[PDB]
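Heads up: the structure comes next, in structure tokens.
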Amino acid sequence: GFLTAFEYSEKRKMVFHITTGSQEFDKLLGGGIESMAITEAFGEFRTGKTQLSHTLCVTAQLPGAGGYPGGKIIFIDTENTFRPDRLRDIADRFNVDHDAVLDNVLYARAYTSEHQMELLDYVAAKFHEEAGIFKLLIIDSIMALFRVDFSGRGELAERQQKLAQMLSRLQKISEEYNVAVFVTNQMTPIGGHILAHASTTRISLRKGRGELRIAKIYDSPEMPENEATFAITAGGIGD
Amino acid sequence: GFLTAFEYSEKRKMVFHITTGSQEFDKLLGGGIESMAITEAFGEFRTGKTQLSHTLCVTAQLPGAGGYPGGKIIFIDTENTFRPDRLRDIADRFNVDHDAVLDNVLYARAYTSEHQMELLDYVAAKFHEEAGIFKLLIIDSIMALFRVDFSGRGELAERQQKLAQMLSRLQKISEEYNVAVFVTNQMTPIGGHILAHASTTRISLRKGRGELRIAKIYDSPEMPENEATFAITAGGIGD
Amino acid sequence: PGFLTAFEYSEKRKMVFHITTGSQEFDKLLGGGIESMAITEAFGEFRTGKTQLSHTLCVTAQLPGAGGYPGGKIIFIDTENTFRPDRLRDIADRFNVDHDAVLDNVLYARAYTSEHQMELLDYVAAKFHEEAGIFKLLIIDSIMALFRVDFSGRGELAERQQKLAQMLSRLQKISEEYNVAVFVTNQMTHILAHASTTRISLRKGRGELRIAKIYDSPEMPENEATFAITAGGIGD
Amino acid sequence: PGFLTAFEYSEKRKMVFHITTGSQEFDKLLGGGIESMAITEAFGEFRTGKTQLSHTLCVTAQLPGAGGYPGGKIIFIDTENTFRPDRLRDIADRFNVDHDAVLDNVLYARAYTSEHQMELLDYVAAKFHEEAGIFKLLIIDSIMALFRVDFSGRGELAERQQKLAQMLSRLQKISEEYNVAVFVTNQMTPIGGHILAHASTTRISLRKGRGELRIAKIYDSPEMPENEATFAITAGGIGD
Amino acid sequence: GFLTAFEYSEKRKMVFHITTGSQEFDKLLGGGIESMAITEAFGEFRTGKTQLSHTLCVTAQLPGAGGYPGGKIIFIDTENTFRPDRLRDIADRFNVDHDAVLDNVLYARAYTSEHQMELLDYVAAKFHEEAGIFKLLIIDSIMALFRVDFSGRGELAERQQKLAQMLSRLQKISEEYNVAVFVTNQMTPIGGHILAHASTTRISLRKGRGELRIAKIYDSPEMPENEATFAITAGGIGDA
Amino acid sequence: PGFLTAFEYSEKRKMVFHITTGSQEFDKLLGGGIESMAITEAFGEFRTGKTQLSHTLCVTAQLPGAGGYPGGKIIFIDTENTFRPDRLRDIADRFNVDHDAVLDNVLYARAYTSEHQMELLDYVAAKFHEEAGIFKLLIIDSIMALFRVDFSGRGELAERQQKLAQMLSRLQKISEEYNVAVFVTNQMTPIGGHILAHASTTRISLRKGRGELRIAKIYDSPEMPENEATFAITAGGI
Amino acid sequence: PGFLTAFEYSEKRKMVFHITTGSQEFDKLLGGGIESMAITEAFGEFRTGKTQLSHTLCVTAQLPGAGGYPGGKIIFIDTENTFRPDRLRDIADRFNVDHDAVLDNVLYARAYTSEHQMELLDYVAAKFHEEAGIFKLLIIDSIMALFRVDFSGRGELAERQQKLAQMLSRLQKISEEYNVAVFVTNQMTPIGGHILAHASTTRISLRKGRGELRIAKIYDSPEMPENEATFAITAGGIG
Amino acid sequence: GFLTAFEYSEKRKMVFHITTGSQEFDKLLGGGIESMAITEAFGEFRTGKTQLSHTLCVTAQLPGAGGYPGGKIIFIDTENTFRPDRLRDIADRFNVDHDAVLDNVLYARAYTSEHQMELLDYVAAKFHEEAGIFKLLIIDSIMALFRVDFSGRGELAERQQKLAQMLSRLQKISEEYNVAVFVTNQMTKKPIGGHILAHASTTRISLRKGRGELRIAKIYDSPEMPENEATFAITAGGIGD
Amino acid sequence: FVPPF
Amino acid sequence: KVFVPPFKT
Amino acid sequence: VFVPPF
Amino acid sequence: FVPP
Amino acid sequence: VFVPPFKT
Amino acid sequence: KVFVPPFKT
Amino acid sequence: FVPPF
């Protein structure tokens, strides 16, 4: 059950980043959304979560820096927010065919937390079917359905246990199959210690001047480098 | 349980809108009551909920924008407020026969939350009999009976569980059979996170000057675009 | 499967009737009188007119009326020990109809517990089921005194609410399935608010006049009506 | 099934009678006196007239009265150990009726537990059924002291309320089926709450007035003189 | 289960009183400790409870007012306080033989509440063996053992139920066999509604001036008639 | 059935005896000494005399005394690990009696749990029953330390009280049926509540007096001199 | 059945001995030293002398002493990971006795759980039984740290108290059956409550004095000088 | 199950210390991370826990004071923070080969507390395969996963029981096979764990930020005194003076 | 019933 | 069955 | 008949 | 479907 | 092998 | 078997 | 063990 540090180094040499579409955001992230890790994005309404999800849905298919070859995406939707037409506009921006983009994204709605976990088990099966095809798993959003299915207290223990189980499965999926996991989350960020520990990167999104947005590393010191400015357009996240 | 984004785009291309009878209201809603979605209307007394329900009971049968051919409606009544004579007046306004309008609406009273859920299972079976016949499901109101059947504290767990179950069933009905689901609700809006998440569009209705009414997007910024003025007549909702 | 078309429901609602209160203004307030396929609740303080209204409707429900109303029988469930046939004799005298005929068309039962009340309502449902069109009005004076009585200590409220909701759902089904008006009285100090289709507040006016108002409605004149009380019952 | 016509109920209520309290004003307050087919509850502090009223009714129920009342026998259930035939002797002397006749027409039983009280009431129901019109009044002094006794600790209140409701519903049925007046006394803290308030058709608060006078009032009624009556207590019982 | 008022009057005509040894105390009690009733005495230490118990143990054997012929006594002791030598001194005071006094008192210790109730069942049997022999039952004290056997809360329901059962049995014994029941009790008076209802007469004992004691009707107004002064001597309870 | 006449009870009480404490004033306070057919409880702070009193009674119970007391044997149950025969040797020396005879007439047992203590008391009851009048004194030092130990957390207090009441009623029955004096020691916080207050026939508070003297008082008694006594502690006991 | 005569018990107690602490004043305070057929408990703050006292007794128990004490072996159960033979080497040097003989006459075991501690005490009972009179002292440093560890949350307090009482009664029986002194250390908050207060025959509070001196006091004793003793700590142990 | 004090002395004579890379830190620890014991390091973000873990990952392979010969390391990672490149930089600082360092460290991620305990059972097995090969076991971090798997109250009893069992196993591993156990921990300030973790750890270190880029190590629950504190620096080469 | 007299 | 309205005077 | 003491 |  | 989308 | 105290001086 | 020199 153990690897040498050398074997683990060789395994991590395969880690990649998926560009967000914004150079400053990418610098903030060290290249973009990182594989073998969970990145969580949370914020208020119209801060960029859905635009970021769709932009990554497009950018994950494009060859990129560091020898990134592109690949397929799985999108689990608990909010009823996925809209292919956004992907059409972003593909237009990046000068790539619509139907090819739409064919390389697999999509499923989740209506309950148990359904969401079953879907993640199917995702694990799909990744296993042929490794190296899929590079990105998006969950928008990560625990809305757990809030819904366990809203009264006294069942909170079972909610936390199921949530921890799901997040440990997500970690194992990300690290075993070398995929980036991007999830969105609400604020009240919710989840507690479990989600804080499970996520490798946490991003707070807020509105800037005019139509600009600001991304920041959560729980980080108040310094500019821990923040990045980006813009939202019909073509997605950008500079 | 997974589709490609291409297949989901093909599925969403069949999404339609049912006009409210008001141009401004429709613009507020992006065309009208949207299929594959739940729209919740809440507000105080004589703000328009019953008039809007009846108007949609008529307008859903009429050929409309975007190639909408019209179809049948199911109306679940927890308040004892459905009145065919209003549909007669609205049909008169829209120059359509009374009896034909009344023949295309299936109607049921719900007296308990368990009864309401059984009725919704019968609704699912009815849609299953032949797809494309029904376009709209109305529930007036969505959770009055859940407030009625579980008014004391300590029983909240089961209440929330049944409510979440019903609303996930409603989502699945709306999305599997490509129907718009319109529900009314009371204020104290009630439902909390469960109803907030389940509803794809939420509309606050209030009284304006004289006989006008105002519809607004709930939890949206204080701006004119998120509001619409409409009027109420014997012929229903209008400009 | 339990579903009708709006056309069939229209045909069903065309059979809805109103039972006059004895007061023209009160009837206008109610849109004709006490409406069938619905529960009308009257509440107020003592000597506001609940018992007088109950007895007047006990008489008026037997008389031919507007809209082709032919008259019919009444069932009266009494939890307060207040039903008095002599009031019906006086009201019949006012309306110039025979006493014994009026008294023969009203069935009457005392309820001593909420469980007893629900059993009685099951017998009421069976009685209506025996032959439709015979009975037009069910009166319950009062609607939930026994539920306050049987569950007064804290911790039992859940069961109280459940039983009350069950009774009121049964009363709704009775009113709508058998096309009868259900009139109930109540005391003052969501389930009952939802169950009642019409709610009337009764209060004292100047001298001997009484006032009926739509509960929780705006403070406007149209939502109020003045009526008088005499030995002959409710009137103008 | 289980329903009467309003005509039959009118015929039933036509047999309703009143038993004079011995005081004209008190009777007017009661509409003639203690009414049959109903429970009348009297509560108050000590020396307000509850026992004097019980004994007076023990005598007056045997006397011919207004409205063709022929008089009859009485059953007295005593939970307080307060019944004293000698008071009936003095009251009969006042009303000029023989002692032994009064004493022979009153049946008496002590109740030591609430279960015992309910068993006694079942015997009373059977006896009243045995031949109607003989007994006209059932007195219970007091109505629920034994229920306070048998369930004094908290947590047992559900069973207490259930037993109390059962007893009071049985008392209602006895009063209305057998056309008897039921008179009961009660303590204050009035105890019982909604259950006893609903079960009793008439409730009377008794209190001390000036000197030797007493005051009867309709409980939970407006503060008005008509809802009150002044009466006196003598060796001959309740009077004007 | 019912008697006529005449039969009950005949039964009550046989009621007697046992002198306490103090004229003022007797006036306070209407003649002394009354039969067909429970009299409860409570107070602090050295207020007279034990002296009163022993004095009644002697006086119940003496001919007295109202044709009282004297009789035997049963004494159940939960406190380990009964001392025949006190009875010897009181007999000396009243000039009666020691051995006759000691032969007419039956005595038993109770060590548990269940034991106390079994003893009371034996007492009921003994009284029934031949009525009119025994006139007085003393219980010193009435519910110390119930405090002991149910000291933790959660068993309070069973404590109250057992206490009510015992006290209803005591009432039935006193009224069926026409004996006076005298019991002592501690203060904290304990018992609640159950013991308040079960006792027909309740006496608070407190210290007076010098060596005198004062007996009062519990829960009665602050008035002299509801109080009596008495003295305690080697000869027992007496006048001041 | 289960009842005696007052005469029979008088005859039974005529056999009641007292065991001298070694102090004349203490004896007067007690009406002669430790009384049979009764439980006497002694409680107080450290170095007030409880252990010295226990040992002194262990010696004095073997000596012929006032009122025709012939002497007899003693049973000592020790929950505190405080019994020391050498104290009995010193007290015997004071009273001019042989050491080995004193030591042979005392039966001794340690109790390590409340259940063990109750089993020991059942054996004591059996021994007393074997032949009444042989044993005159039962000492329990201390009476409910082990009940404090075995039921220290709340929620088991009901069972503690029930076991304590059962033990104390058994002790009462033992003392009164077999005409033995029962002497027990107790700690303060006095513990026990109503149960121990009722079970004990005599309760003694011990406290320190002037210099090396001690003071014994009747618990819960009025503040009066007659209810108090001064005594001294020496190698010869109380 | 279960009783001894006072004479037999006197004969048994005549074999009781004391082990010097290394400090004359401490010994006077204890009536000669650590007493056999008894438990002595020492509690205090950090650097008050508990470990120094344990090790000093580990050495002094092997030396012939006052009252005919012949010396013997020691068993040391260590729950704190504080036992250090080198301290015993320094103390042996002070007392002019061979190192290897001292180290061979002390049996040592770590306890990692309360169940382990009780099993160890059962082995100790077996060893003592193998040949009585060989071992004179049992040290437990510390007595109930592991009971605090294994039952830290409330609700399991009943089992903690029961196990503690059982262990302490076993310790008492061991001390009294085989005539050995039992010395245990304890923490403060002293913990345990009535159970440990009753079980211990002697209780010692240790506190810091002036400079490098320490003070030992009889717990729960009056504020008087005779109930206290001053001692010093050196590389040679307690003095 | 018992040893003589002589045998235990002989066993303790084999105790060694592993340098932290900082002279002052080593003085604070009496030479460094001690074998036959658990040393716990806790603190806020960017206080040095990860830098200390990696530095020890390198220094445990180097000959050191007291005859320490160097050896291999096992690293259980619950935080997803292990980065071999840090070990490459620290090896560069200490002038040792990268691949040799990386070959002497065995590494495993733990995703649940049950998984963590199974991993520790495998560690016990590996140590048993041949004693004296491994000198250091690192757990970064010790009970994050117990916080995760038992966050709601009512399961706290089982959480405490599992934690105590794991920590007793760690103690037995450290003392039976003569390895140093180093674990990291979070704060909530006071460290989490309560009595269980306080008792289980033989040495407890609080890490906090100093002036500029310096860090401060302190003995937890110790008096406010300088000797109980040490200043150290963080560089690409790890922990240093 | 016979009235008392 | 038809309902008979009461009517006398 | 009860025998009074005398 | 046939429009009304 | 994955085929990147391209029409440009 | 008797215990031998350590002594070397 | 060979140091990683």
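The first residue you see is number 1, and the count goes up from there.
Heads up, the Cβ atoms here are built off N, Cα and C, so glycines get one too.
Pulled from Swiss-Prot, these are the features on record:
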BINDING   E:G43, E:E44, E:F45, E:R46, E:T47, E:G48, E:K49, E:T50  ATP binding site
BINDING   E:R147, E:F150, E:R153, E:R159, E:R213  ssDNA binding site
BINDING   E:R147, E:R153, E:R159  dsDNA binding site
Fewest other Cβ atoms within 10 Å: which of the binding-site residues E:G43, E:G48 wins that one? Let me know.
E:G43
Residue pair E:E44 (ATP binding site), E:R153 (ssDNA binding site) - Cα distance, angstrom, rounded:
25
Taking the Cβ of E:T47 (ATP binding site) as centre, how many other Cβ atoms lie within 10 Å?
21
By the DSSP assignment reduced to helix, strand and coil, which category contains E:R159 (ssDNA binding site)?
helix
Would you mind ranking the binding-site residues E:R46, E:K49, E:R153, E:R213 by how many other Cβ atoms sit within 10 Å of each Cβ and giving me the lowest?
E:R153
E:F150 (ssDNA binding site) versus E:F45 (ATP binding site) - Cα distance in angstrom:
23
Hey, what's the Cβ neighbour count for E:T50 (ATP binding site) at 10 Å?
20
Compute the centroid of the Cβ atoms of E:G43, E:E44, E:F45, E:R46, E:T47, E:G48, E:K49, E:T50, then list the same-chain residues not in that set whose Cβ lies within 8 Å of it, in sequence order, for the ATP site.
E:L205, E:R213
Tell me which of the binding-site residues E:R147, E:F150, E:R153 ends up closest to E:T47 (ATP binding site) in space, Cα to Cα.
E:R147
What is the straight-line CA distance, in whole angstrom, from E:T188 to E:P189 across the 15 unmodelled residues?
6
Compared by Cα position, which of the binding-site residues E:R147, E:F150, E:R153, E:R159, E:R213 is the closest one to E:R46 (ATP binding site)?
E:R213
Between C-alpha atoms, which of these binding-site residues comes nearest to E:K49 (ATP binding site): E:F150, E:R159, E:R213?
E:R213
Just to verify: the residue among E:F45, E:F150 with the fewest other Cβ atoms within 10 Å, which of the binding-site residues is it?
E:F45
Spatial neighbours, same chain, of E:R147 (ssDNA binding site) - Cβ under 8 Å, 6+ residues apart:
E:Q186, E:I190
Please tell me which one of the binding-site residues listed here (E:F150, E:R153, E:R159, E:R213) sits closest to E:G48 (ATP binding site), measuring Cα to Cα?
E:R213
To the nearest whole angstrom, what is the C-alpha distance linking E:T50 (ATP binding site) and E:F150 (ssDNA binding site)?
25
Among the binding-site residues E:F45, E:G48, E:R147, E:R213, state which ones have a Cβ less than 8 Å from a Cβ of chain F, giving them in sequence order; state 'none' otherwise.
E:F45, E:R147
Cβ atoms near E:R159 (ssDNA binding site) (within 10 Å, other residues, all chains):
21
Going by C-alpha distance, which of the binding-site residues E:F150, E:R153, E:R159, E:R213 is nearest to E:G43 (ATP binding site)?
E:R213
